Every structure is written in C-alpha cells, then in structure tokens.
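One letter stands for each residue in the lines below.
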Amino acid sequence: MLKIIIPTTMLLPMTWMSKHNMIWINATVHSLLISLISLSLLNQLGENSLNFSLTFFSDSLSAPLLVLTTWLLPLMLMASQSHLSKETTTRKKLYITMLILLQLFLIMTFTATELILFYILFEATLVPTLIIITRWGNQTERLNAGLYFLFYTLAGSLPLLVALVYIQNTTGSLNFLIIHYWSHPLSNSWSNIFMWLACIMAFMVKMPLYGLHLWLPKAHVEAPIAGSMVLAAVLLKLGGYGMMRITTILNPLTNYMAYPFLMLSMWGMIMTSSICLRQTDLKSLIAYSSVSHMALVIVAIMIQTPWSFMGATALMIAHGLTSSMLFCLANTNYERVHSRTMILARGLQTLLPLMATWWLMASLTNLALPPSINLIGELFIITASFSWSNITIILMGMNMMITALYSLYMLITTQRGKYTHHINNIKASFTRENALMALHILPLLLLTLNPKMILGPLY
Amino acid sequence: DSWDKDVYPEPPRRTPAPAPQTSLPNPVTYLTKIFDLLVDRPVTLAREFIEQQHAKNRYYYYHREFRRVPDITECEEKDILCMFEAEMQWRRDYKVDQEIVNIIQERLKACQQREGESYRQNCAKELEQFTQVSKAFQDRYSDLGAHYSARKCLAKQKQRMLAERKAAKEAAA
Amino acid sequence: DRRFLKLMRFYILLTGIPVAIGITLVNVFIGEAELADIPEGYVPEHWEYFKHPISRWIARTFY
Amino acid sequence: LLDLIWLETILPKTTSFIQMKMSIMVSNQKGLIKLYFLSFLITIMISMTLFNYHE
Amino acid sequence: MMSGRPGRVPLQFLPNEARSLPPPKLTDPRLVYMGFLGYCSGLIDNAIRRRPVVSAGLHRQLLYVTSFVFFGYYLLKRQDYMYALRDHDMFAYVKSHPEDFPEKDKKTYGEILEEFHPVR
Amino acid sequence: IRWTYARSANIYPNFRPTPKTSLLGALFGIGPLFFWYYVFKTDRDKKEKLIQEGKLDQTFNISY
Amino acid sequence: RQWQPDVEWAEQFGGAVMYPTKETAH
Amino acid sequence: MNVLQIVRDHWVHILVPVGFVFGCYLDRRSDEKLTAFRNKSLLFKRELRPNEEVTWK
Amino acid sequence: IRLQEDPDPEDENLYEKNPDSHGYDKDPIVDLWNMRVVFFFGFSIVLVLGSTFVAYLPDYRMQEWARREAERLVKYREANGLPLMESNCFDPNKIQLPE
Amino acid sequence: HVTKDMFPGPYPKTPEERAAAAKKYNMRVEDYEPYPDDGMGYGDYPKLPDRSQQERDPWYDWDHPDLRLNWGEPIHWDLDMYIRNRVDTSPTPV
Amino acid sequence: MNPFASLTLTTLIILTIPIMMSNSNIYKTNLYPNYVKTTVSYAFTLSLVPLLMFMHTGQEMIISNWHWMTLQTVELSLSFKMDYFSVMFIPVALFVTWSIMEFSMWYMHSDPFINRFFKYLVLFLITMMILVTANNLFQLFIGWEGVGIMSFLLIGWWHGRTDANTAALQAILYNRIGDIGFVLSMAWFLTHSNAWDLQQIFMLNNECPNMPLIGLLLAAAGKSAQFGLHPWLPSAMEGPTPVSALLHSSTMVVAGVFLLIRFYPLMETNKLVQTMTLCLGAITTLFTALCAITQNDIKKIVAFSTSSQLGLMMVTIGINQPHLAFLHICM
Ligand SMILES: CCCCCCCCCCCCCCCCCC(=O)O[C@@H](COC(=O)CCCCCCCCCCCCCCC)COP(=O)(O)OC[C@H](O)CO
C-alpha cells in the first residue's frame, strides 16, 4: 500500500511549497495521479486478500472504496476552487492540508490489518472533518452541528474501544485474518450480548439508522462543499466497512439481536424518505436521502447473506458517488443565489440548460433505475431480504415509491416550472462546475458495464 | 471446437428440405442469396484475412492447475499454517462447484428453448439432473452465512450425518 | 455550454482513438491465445496464464 | 414530531440537560473554608466507618 | 511491574547485559520517526517566534533533529532491552513450571463439533 | 426566511412536552417499530417452524 | 462571507459563570 | 523561458512521483522481511528452475 | 454604530473581467491552464486510460479458470457414470464421528 | 438584512406580542391567529386559511405566478402540500 | 447460420445510431428530424425480414451474448428473445412510430427544441424494443423503467406547464406502484427458481406462483393503466399530441399486458390469478368507457378508449388466450 500512502503524505509538503497561485493546479494534478495509481488495486486475487505487509492489506471490499476515495480527492479541490477564492494564502493552504490528511487517514483505515489499527484511524478522520465543518462552514449553526457530529460518533466509538481490547485479551491478536480463521461461536449469555451491542453501536452511528441520525441534517447542511461530499460519500461507508469486517466474530449472536436494529432501520427508511418528501432546504433533502439509502445497507449487512453483502458494497459505492454529486449541485445553486430554500430559485432549466441534464442524471441515478449501480445494489438487497422474510417487500418496495417521488421533487421544483423573476445574478455555468460533475456522473455509467469490481468480496 | 460436445450436449439438428409447391417464389430464398452475396462473403473474406494474420505469431497460454492440499477435516486444529491451505482448498472448490451449477443451469436453459412447446416431455433429464445437483448443492454450501468458512462447511456437514445416522438408527433400532 | 461540450468531445478522444486503434491493433496483429496441455519441462510464468496479450502484458509489468 | 422534536430531546437534549444540572452545583460552591473542611470531616468519617474500607 | 527484578541496580538507563541484543540500525522506521518529530519542533519554533519557518535558520532545526535522533536511539535500546527481558524470564518461567502449562492434545477438525448455526 | 425558520429549528424552542405530544410521539414512534417486530418475528417463526422438520420446499433455492 | 461571531455570541462566553442561575445571579 | 523560475516553481511537481518511487522501493523492501515460507507450501512448492536461485522475489 | 465593520462583499463574476473565464482563477493564464490540467489528467489520463486498465485487468477472482477447471471435472464425472456432485463436501471417510 | 426580532419566536399570549406578531408577519391583528398551543412547536406563526394556491385567482398579477404569492405575504406553514403541483383543495362542484 | 438472429439483432443497433449522432452535434440542426425518420424507416424495412423467415419456418432464436456477470449460480447476461411475440411486434411498433415521425415534423414544427424531442422519441423507441425483446427479468426492468422515465420527460416536454409536471409526476407514481410487484416477481423467481431468465422459469415449472403472478399482475396493472391505477393515462394528455399518439396510445402502455403474454406458460396453472385478471379487466373496461362518453376533450376521449381497450386485453389473457391477446395488441 506504500505506493499510495507515501505519495499522499509526501504530497502534503508539496502543497505547502507551491507558489501562491499554482496551489490548486499542482494539487489537482497529482491528486488525480494518485487516483490513477490507486486504480491498480482493483485486481483482487481469487479467494485471498492482497496482503502487502503486516500493517496493510486489501481485498475485494477495500479496493473499490480506496479508489473511490482517491478519485474523490480532486473533486473537493475543484468544488472549493470558488467559494474559498478570497482568502489569505495560508488558510487556503491549510484547507488543502486538512483534505489531504483526511484522505490519507481513510486510505490507511480501509487497509488496516489490525482491528485496533482500524479503530485509531477510523476515528482519526474526526479531527480533520470537525476542523473543516467549524472553520470554513458557511452558516451560524455549524458550531452546534460540529458538536453534534463528534459527540455522537465518539459516544458510540468509546464502548467500541473497550470491546476490541477485551477481544484482544481473550483471543490474543485482533488481526482481520486471524479473527476469521480462529472465529468461535459467540454465546447468548448477557455478557456476550453487551459485547455485541458495543461491537455494533459504534459502526452504526456513522451508518446512522433511524433514531441516532440527527447529525446528518446538521453536519451536511452547514458544512463547506468539500466537507459535505467527504462526510457523505466515504466516512458513512467507513462506518459500514467495519460491519462486514467485524461481523466475522459476532455469529451466531447476530440473529437474536438483529431484530431491534432491523426493525428500526426498515421502518426508518420509510420514515426518513417521508421526511425527504417535503423539505425546505435542498441540502437537508439530499442529506436525509443519504440516511434512507444508508439504512438500506444497515438491514443488508446485518441480515448476513451472500447476496446481501454483494449488493451492500454495490449500493455503498453508488450512493456515495450520487450523494457527492447532488451536494455539488446544491452548492452550485447556492453559490449563485446565496440561499438554500428549494422553492426560492424555481425554474433553472430555462436559464442553465446543461445544469438540468446533470440534475436529470443525478436524480435519475438516485431513482435507482436499471442498469445503474444503484438499482443493481437495491435489487440484490431486496432479493436477500425477501428470502429472509417474504413480507419485507411491502416495506422496502414501498421505499422505491417514496424514493421516486422526492428524488424527482427537486427536479420539478428547481429545474421545471418558471424562472424566478426577481433573481438576476445567475451567470452561465462555469466550465469548472460542468467538468466536475461529468467526473461524477459518467464514471458511474462506466461502472455499470463491469459491476464485479465493486460487487464486494463475496463475488 | 472451442467448447465440448459432451459437456454441452446437443441433439442432432435435423431440418427439412422445403418444397415450395406453389408457383410463386419464396422471397426468403431470394433474401438468403443476397445476404450471402452482400454480408456473409465480405465478413468471411475479412475474417480469413485476420485468421492467417493471427497465424503469423501463435503466442501460447496454458491453464493453471492447483495440486490438491490437505483439507480442514485433516487440518490440525488451531494450526493456521495448514488451515490457510485448507481454506483455499475449500474456497477454490466452491468456485469450481459454483461453475458446475452454472454449466448444468445453462444446459437446462438450452433444452427449454430448443425443444419448443414440447419442452415439458422432450427433456426431463435436464430437470432431474438440475434437481439432483441443486439438492446436493444445498447440502454442501447453502446457508453457510455471508462469511462462509471451511470450518462452517464441515460443521454444517457434520450436522448432516449426525441427523441421518440418528434417523437411520431409530428406523432400524 | 458549447465550448465545454466541444472540449469534452474533442479531448476525451485525445487518448480515445489512440487507445481505440491500439486495442484493436493488438487484437488483429498479435492475435488470440489458445489452450494447452502444459508441456513438460516448462514451468510457465505468472503473466502467461492469460488470453489477451494486452491482459498478459499488464500482468507482466504491473502485477 | 419524531425527528427534530422527540429524537433530539430523548438522547441529545436530555443528556445535555442532565449534564447541565449536575454541572450547575459542582462548579458553584461557596468558597468558605468552613463548609469545605466540614465536607472533609464527613468524607473521612464515612470512609473508615461505613464504606467499611478498613475491613 | 520489572522494578524489583534480581540484579536491577537503579538509576541505570542501559544495564551491561542489554548490549547483547542487536542494536537498532540508523535507518530504523521507529528512529526516523524520532527525527521527523524533531524536525516538526523546528518548524514550530520558528512559527512561535514569527520567522520564515521553511528556512528560518538551519542551525536551530539541525540541533532539533539531531537531539531527537540521539534521545530516540538510546530510548530504543532500553525499549529493545525491556521487551527482550520481558520475553526472556518468561521462557525461564515456562520451563520452571511445566505442570501449570500442560500441552492440550491436538485433535483435527474431523473430531471437534461446532454445532453449525444456520443463517436465515 | 420566516417560513423556513418556523419549519426549521425554531420548533423545538417552542415545543412543550404535553401529553398530547408525548402520546403522539409514542404512537407514531415506538408504535410502528414494535408493530412491525411482531409481524416479522411471527413471520420468521412460522417460516423457520416449517423448515426445521422438513416441510417447506426450496429444492432449487441455492443462491440466497 | 461566512457567518462570524458578533458581540452577542461573545456575551454568551462572557459571564462570571458560563451557565447563569439564580444562585449565581449576583 | 527563464529556467531558473520554472525550476524554482516546478520543483514540487517532481516531488510526488519521487514519493511513488519511494513507495515502490519500500513495497519491495518489506516483502523480503516476509519471505519466510518461500517455496514451502505444498500447493506451490516446486523444484527450483536450474539457473536462478529463488522463486517469486 | 454597534460595530465598525465592512459591508458584505459582492460575488465577483469571473466573466466581466475576462469573457472566456473557466471558473478556476481570476488570472486568465492560470485558469486556462487549470482547465488544461483538470481535463488532461481527468477524463483521458485517469478516466479513459484508467478505464482500459480496469477493463483489461487480468482474470478477476480466477473466473475464467473456475469454469475451465469445471469442464474437465464434468467430463470424467459425466462419463464415469456417477452423480455429478456428492451431497457432502468433506467426504466422511476421514472423519471422526462423535459417539 | 433581516434582523433578529423578525424571526418567529414564542407563542403570543398578551396582546402586545400578538400586535408585534401581526407587524412581524405584515398582517393585521384582526385576522392574525397563531396555531393552537399544543406543544407542536408552531410558536407565533400565524395559521392562515387552509386553501391551496389553486384557489388564488390566476388573473390577478401574482409576483410568483407559479405559486401565486406576491411578496412578504405570510407563507402558509403547510405551503408545499398546497403548492400548485402538490395537493389542491379546489372546490369540487359536488 | 441463418441470418435470422443476425439482422434481427441489428434491428436495435440502427435505432441507437441517431442517439450517438446527436451528441456529436455534427448534424445540421434543420434536417435532424428527417434524419431520424429515415433511420426508423430503414429499421422497419430491416425488421421486416425477420418476419419473412418466421412465417416461412417459425424459428425463434435466443441471442444470449456478452456475459455481464456471473453471481455464483446466476449468470446475468444480456440476451434477447426472438419469439413470435418479439418478431411480430418490431415491424408494427416501427411502422407506427414511423407514421408518428411523419406526423411529428408537421405538427411539432414550431418548437425550437424539436430536434431534442426527436432524440427522446428514438430514446423511447430503443428502451421499448429492449423491453419486448428480452430473455431475463432484469432486462425487462431496464425497458420497464426506461419507458416510464422516458414518458415522464416526454409528458414534461412542455416543461413550464405546472399541470403537465403534475401529470408527469403522477405518471411515474402509478408506474412505480406497479413496479413493486415487478421487484417482488424478481425476488421470488431468483429465490425459488434461482434465475431471471425466461427459459429457466418456464422449465422449473412453478405450478403455484401465487406471490409471483400477483406481483406480475400488479406490474401489469400499474403500467397498463388499469382500474385503480388508470387515472395517469387520462391525465397524461398534457404532452404534445405526437407524444400521446405513440407512447400513451399503442406502444408504451401496451407493455403491461406484454409481461403477462411473456409469462403465459405460468398463467394457466394458477386459476385464481387468471380470474383476478378477468376481475381486473372487466371493471377497467366499464369504468374507463363509462367515463369516456361523458367527456368534452378529444384527447381525453381517445385515451379512455385505449384504457378500455387495454382493459379488454387482460380479459383476453384471462382465459388462456395469449396469442389472441397479442393479436389484439398488433391491431
Ligand atoms: C450513551 C450510552 C451508550 C450508547 C450505546 C453504546 C452501546 C451500548 C452498550 C455499551 C456496552 C459497553 C461495555 C462493553 C465493553 C465490552 C464488553 C464485553 O466484551 O463483554 C463483557 C460483558 O461484560 C460486561 O459487564 C459488559 C458491560 C455491560 C454493561 C455495563 C456497562 C456499560 C453501560 C454503562 C456505561 C456506559 C453508558 C454511559 C454511562 C454514562 C464480557 O466480559 P464478562 O462479563 O463475561 O467478564 C467475565 C465475567 O463474566 C465477569 O466480567
């Protein structure tokens, strides 16, 4: 993995040592270059993880997420090239430093071969994310939103820390390989169930299921555009990545305790998407949408089925790219109009014709229509869930109905209708925005051709 | 050719010799003649030109073979050194066994379309062979969990003969 | 809008066609591999277990 | 009702409110030596005698 | 834990028999991290004093790196010594109390039952 | 902005936990969650109840 | 521009006791 | 072109590929520490080819 | 006065200065090159060139090998006249059945 | 731009708050009416008549013709049911 | 090697050429509609030939092709089926849309975005042929959702009409409710019959597909604008007339019954569901026709006839009459 981390860390001084104006140029060029190198990880051997060293390893589950993260890295730079602009040099240099540090932690986290080593870097991402949210956040309530973020995830993560160190004391090493091979059936005793609760709550906070999901409306809305994409496209899946990794040592205790979180999530996605059906803030609407799609994964992995995991990774990658996209779209609208209310800037297709097609494709992907990855992700969850319980399709099927309505609601309210009369500052779309979004949408269309790369480790 | 006649068995393709007793000609025969003179021939000429070009350099490639290794039932317990070989042995057979279903599953599709409306009686061999394969496939790998392991497969297997042996003894007694 | 669309279509073909001919060129100048019996005395190489020479070349110099 | 009225007042606000009241008098003493050292007197007495730490 | 072992003359940073271990090489990844921390101190020092951090005096930073590299290497030997000591006396003990750690017999997975739990 | 603010955060500061609010919170909250649980637990129980003695048919069900 | 704390925000973190009460009113 | 200006500025561009070369060297450095069971597992254990002295590096 | 501040600035439209602005920087030379590098090392070098990389990656999960090995296995099993696949995986000859 | 007091706040009980609330929402006290204090958190937001924008006369010059809302008029709390696209309380002939 | 499979599989590739040609923008923006018409005309001329060797011989060829991915025991691959229903329907669908194309450059000759409209019609065309011509249920979904999304845009063609968007949104709403049964059909078929290909489902002889067929019927009812899910079609008149003359008249909305015609080998086994088809078909025929005659809008009246005619089709498919059902489709 040192072919990726070492360039990434070494990339940080380069940004600090670039000229006043060339900072965005050099950083974007090599960040893409890192993404190209990271693409080499997509080759996964037959039935064994690509173990590079004791510290780092990768399999058919980490590699699709790693390349997504590195490929994401230039995208926050592009989306922030405009709202930052009028700032002192060092503050902009610091902003890039936070992003690169944040991406660097993610690369190490997904490749961590020790569950403890996972745990440090898994929450080490909190320090840069909190910095971006509170420092450059363009609103007032970012301070309370930042507090809601870290305290929610840390309150989940602390009981985790006690859990793994206990497993270390009982079974020596916490290595991901040795946990799988030397796995033992957990009992149903009241001691093990609290171990099960601790081993799951930390991951399910950044998953968030229904209930403990109230930093999602807070963190995303009042955050910089770069932060909104990062904390909706990667670290949400980072919390998920633990579940597939850590469920290896929670069987058969999953089935008995599966119900409370299954029932909370499965009813949740209807409730959350119902909130999506009528929202006043566009960014909030996209934020709640991420909860619904993420809740689809929570039921998915915690059913613990081959087909469930295979669709879980596919939905994860697809949703992250889509959620990252729509946040660009909201930011582009917000930058011009300086507001977030959806009905405030109705009728945008007439003025900006390209932005409609991007918004059409963005919502179309959120529709989870075939053959796009979102549909081939949700469909596999449906099949796995239906086999688990025949009455699942009543709930999760109804979601696609509710999902369709709100996912097209912003299309009607913003693009179609009538251009708002009093707004007269909507200039023609900058080629940066359109280029940024093409880097979001059509790579998804490629990935439709070859789903097996992201279909997960169970393919 | 590129595939096997026995792995993919095909009934002998027998076609009639059409006799258009009606005076007026059948256009399909006319369209058949032009299709060969318009599409088939240029395709063949380009193909054979490529085929001899392909023969200019016959680079080769073999098929990797994994020699059998001791399995988890003979693996020393808690001995990871031999356990990794056994797990790779079981997972590799899992993929091979998965392809076994795919080959039989595809053969089932071929009969259904090829036999037409008389598919129900023309072949039941495909159905019963798939029935026997799928049932025994369920015995081996079905319901192994998302994180299936050779240890679980043996455990599920061991659960099997325990039940049937117990069922065998009560019947005999 | 037009300048942006002209830019993608023109430039995504900058390495589009050279790959396009290059991918076809190795297909109809180098050819397709064929099965074997693993001849005795020749332990093959790791990249040798692949059909397309482009695929073999990737395994030769990268993996 | 659920999301931003109850789900924020069950876990987040209640814990904030609980932490609020406790921090109210923990941080608000009177700064009198008499009250302090008297609280020492119970602490020493209750430590040896009634938590039975001497046993 | 250590503190109180036989032959444990106090206020000693490196007992003589500790030298019977492989000394860390100067390119040790742990050691180069010591140098990295020292360099980061140099940047902070110039930043604290409002100086051109990148090249605000090559003398102050050079001492910062060398001092941290020095103190690291000596700490590494004591680090390597104690861990070697921790494992050493264990092996003497593990052969000194054979009855406390009896080797459990080995039976392949062809015998041990694991009562496979189906997932549905 | 007034309309958005009223729908947004400026609801909880005006919220009062009257038993009407408490009852509705429990009715539309824990209510459906427990209700679905009974439906699914019963559905899972009957389903597994048929499997264990050898009643249900899944002869061709392999990929699950 | 992004929101920045005003004088009223400072007065929040500006009392003798950060969370005022009747006992600490004076 | 004022080569002095371009090297003073574009000295950062060479830096990252050097880090990639650094990463590749360490990847082929940490591997030898993990050699151990080379040509030992019976699945891949095989009699060495004549000239060379080592299997997978 | 309440506070002695400055009025909120105005959104500097990048086009009035230079009409061909690319939304990357106020300086025409840098932004034009910014467009050059984000594109070049974007769609072509990473997206298009990297596409053929993952498109022409060697056999994933040994998928081709799996069937190829499978076909031979059927050939003996079909011809020998035994069931295509046994119900058990670890055959119980070398198993130590409890009790 | 907008100052703090204009933002909706607590429920109005004394007529001083109702009078200020009517000023706050650019409406008069005679027609001002807040939502019932049931703890739902409506606050001083007025309860405008439950009639969709479809009821509003299209011929009159609406500053937002797609919504028939001119300016500063108190936006109905449940606007996005009653927007022209969504739910319409049009008087059925029967 | 009969040409049958060859050119009948081309029939799709000619149709998609104008789509790619459009984003190239090399087309001169005046003769694009004429260019689109010619391509569809050539497709109809080409698609005529697959008919001739059909009535001559009757051969039906499966064109199972590039392997998308092999999920354990499921080999999801792109495959088109040349059954009688598929081969018959291509010329008539192309012939109708060819006529609609000729009608379109006359009627729709004033909108500056006319070139965009033609691209959508070709897009609607190709997403329909992949629905009729398919072999796996997943491919059916591609066509199923494609026509629904394509309809939504084409209903919303006039964009600013607030009612048209409501009709566009309403069309997708009723469609998705029907699609709930579609996904249920997939999950049941992939769990029990362990595939989505039509061949396997017929072969494995699911003699008791109570949940599948109910899900299949729900998919048909939502798309075919039957009773309980009809009113989107009467409200779908807000789009331009050529749009309603092709999609919501005889090519898109007819796809709902086509699913049952596809799965007629299982329809007769379950007597209860086929009565439900007769149950749904009977009520739909009256109510739509009953509301039809009391109307004062030409587009509304004609459309209500389609739904009443469409309700008739499920009466046909009720009592084991699939071929007559598809016969009525063509006329
Ligand atoms: C805000 C509340 C938290 C949010 C939700 C977080 C998740 C809820 C559950 C939290 C569990 C925390 C403790 C888990 C640590 C690992 C425990 C483990 O591995 O299992 C042990 C289970 O043992 C326990 O007792 C675990 C703790 C049970 C719960 C009691 C403490 C946790 C709850 C109170 C503190 C946390 C809440 C915050 C309070 C401010 C096994 O040991 P044993 O009991 O078998 O030990 C041997 C012998 O039998 C006696 O020890």
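Residues numbered from 1 in each chain as written, not as in the entry; some residues may be left out. Chains lettered and ligands numbered in written order. Part of a larger assembly, values for the part shown. Heavy atoms only, no water.

- In terms of determination method and resolution, the entry is listed under cryo-EM at 3.7 Å.

1. Some thoughts on the overall build of chain D
- Secondary structure summary: chain D contains three helices and zero strands in total.
- Along chain D, helices and strands appear, N-terminal first, in the series α-α-α.
- A compact globule built from 55 residues should have a C-alpha radius of gyration of about 10 Å, whereas chain D, at 19 Å, is more than 25% larger.
- Here the C-alpha coordinates of chain D stretch approximately 50 × 35 × 10 Å along the principal axes.
- Counting across all 55 residues of chain D, residues that qualify as buried make up 16%. (Helix = DSSP H or I, 4+ residues; strand = E, 2+ residues; numbered from the N terminus. Rg over C-alpha atoms; globule rule 2.2 N^0.38 Å. Buried < 20%, exposed > 50% of the residue type's maximum accessible area, 1.4 Å probe, protein only.)

2. Section: the interface of chain K and chain A
- Contacts between the two partners involve 33 residues from chain K and, on the opposite side, 37 residues from chain A.
- On the chain K side of the interface with chain A, the three residues burying the most area are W68(K), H159(K) and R176(K), jointly 19% of the side's total.
- There are zero salt bridges connecting chain K and chain A.
- Linking chain K with chain A are seven residue pairs in polar contact, by the criterion used here.
- Mapped by element, the contributors of at least two residues to the side of chain K that touches chain A are β1 (69–71), α5 (137–155) and α6 (162–193) of chain K.
- Ranked by the residues each element gives to the side of chain K that touches chain A, the list is headed by α6(K), at 14 residues.
- The residue inventory of the side of chain K that touches chain A, partitioned by class, reads 24 nonpolar, seven polar and two charged. (Contact = heavy atoms within 4.5 Å. Buried area = accessible area lost by both parts, 1.4 Å probe. Salt bridge = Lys/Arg side-chain N within 4 Å of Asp/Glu carboxyl O. Polar contact = N/O pair within 3.5 Å; in protein donor to acceptor, adjacent residues only side chain to side chain. Nonpolar A, V, L, I, M, F, W, Y, C, P; charged D, E, K, R; others polar.)

3. Describing the site of the ligand
Residues and elements named next belong to chain A.
- Around the ligand, the neighbouring residues are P159, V162, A163, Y166, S191, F194, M195, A198 and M201.
- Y166 places a polar side-chain atom, nitrogen or oxygen, 3.2 Å from an oxygen atom of the ligand.
- Of all the secondary-structure elements, those providing two or more residues to the shell around the ligand are α7 (142–171) and α9 (190–206).
- Among the elements that line the shell around the ligand, the one with the most residues is α9, at five residues.
- Residues belonging to the shell around the ligand are distributed by class as follows: eight nonpolar, one polar and no charged. (Near = heavy atom within 4 Å.)

4. Notes on the packing of aromatic side chains
- Within the structure shown, the criterion is met by 84 aromatic pairs over all chains.
- Measuring from centroid to centroid gives 6.0 Å for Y148(A) and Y152(A), while their planes differ by 20 degrees, and the two rings are stacked. A residue pair is termed a helical-turn pair when its members lie 3 or 4 positions apart in one helix, as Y148(A) and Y152(A) do in helix α7 at four residues. Exposure class is identical for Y148(A) and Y152(A). Each is buried.
- One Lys or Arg, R340(A), reaches over the ring of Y334(A) and ends 4.9 Å from the middle of that ring.
- Against the face of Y409(A) rests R86(J), its NZ or CZ located 3.9 Å from the ring centre. (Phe/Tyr/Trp six-rings, centres within 6.5 Å; stacked < 30°, edge-to-face > 60°. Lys NZ or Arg CZ within 6 Å of the ring centre and 35° of its normal.)

5. Points about the nonpolar core
- Residues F39(I), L71(K), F263(K) and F326(K) are the most contacted members of the largest nonpolar core, which totals 381 residues.
- The element best represented in this core is helix α15 (residues 306–337) of chain A, accounting for 17 residues.
- Discounting chain neighbours no more than four positions away, the residues touching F263(K) are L137(K), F189(K), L198(K), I201(K), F202(K) and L216(K).
- Core analysis: the next-biggest nonpolar cluster, separate from the first, contains 16 residues, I343(A), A21(J), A22(J) and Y32(J) among them. (Core = buried A, V, L, I, M, F, W, Y, C linked by side-chain atoms within 4.5 Å.)

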